[PDB]
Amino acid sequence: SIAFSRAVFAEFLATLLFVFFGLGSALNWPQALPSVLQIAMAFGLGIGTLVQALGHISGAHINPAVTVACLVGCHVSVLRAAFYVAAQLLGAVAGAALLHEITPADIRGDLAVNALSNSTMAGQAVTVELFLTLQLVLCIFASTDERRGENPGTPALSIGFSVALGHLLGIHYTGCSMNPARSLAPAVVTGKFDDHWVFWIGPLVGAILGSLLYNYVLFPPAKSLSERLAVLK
């Protein structure tokens, strides 16, 4: 019961640092405007560092979509999945509120809210978010699959660069979500809920798609006791 509290707190602290570092590096800084690779690096190295620092404590989800995909695949109780999602949403809004407090009001602006950029249709954008989170969920599962042992090699760096890979594409359409907590945090702080359903349906459908594709299509487990039914039939 005490290790579960450490894990929920770690998920809270991790999403706090992720959103604080991520949005603050994505703000419109006048003299030095951030580039797409610069923002992708910020979010990328953010997940990779927090997975390194807190992966052994809680699994380092830092993402409700990852937690939901973990609910379909790995052995996580619906009790733990709810506590994780709740901890991530609370940590995210705390990191965005903290960033707002420390960032001068001149630079804050939209506080890096997710908005449909490059005149992307919501139906077009929700399809992008689907495949953005799909490749991340595929990489997270493969990097943390216990059946692979120590063979993955670079779990923290690979998951980070997978997040950066999605940002290198998703920034132009929606500013890249791949995380419902990363989208909700600046939307609550600064009043901006432009097409917010895209940043929830997209990642969640993309996450459950990658979990089902991996755990039961690409690399399913061996048949369990259910084979006794085919013998009886």
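In this text, residue numbers run from 1 along the sequence as written.
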Can you let me know which of the two, 140-148 or 68-76, has the higher average C-alpha B-factor in the entry? 68-76
I need to verify one thing: averaged over C-alpha atoms only, is the B-factor higher for 149-157 or for 127-135? 149-157
What's the residue among 28, 38, 58, 49 with the greatest CA temperature factor in the PDB record? 28
Taking the Cα B-factors listed in the entry, which of 54, 32, 42, 169 comes out highest? 32
Compare the C-alpha B factor of residue 222 with those of the other modelled residues in its chain, then answer lowest, middle or highest third. highest
Can you work out whether the C-alpha temperature factor of residue 162 puts it in the lowest, middle or highest third of the chain? lowest
Within-chain third of residue 178 by Cα B-factor, per the entry: middle
Name the third of the chain's ranked CA B-factors that contains residue 62, choosing lowest, middle or highest. lowest
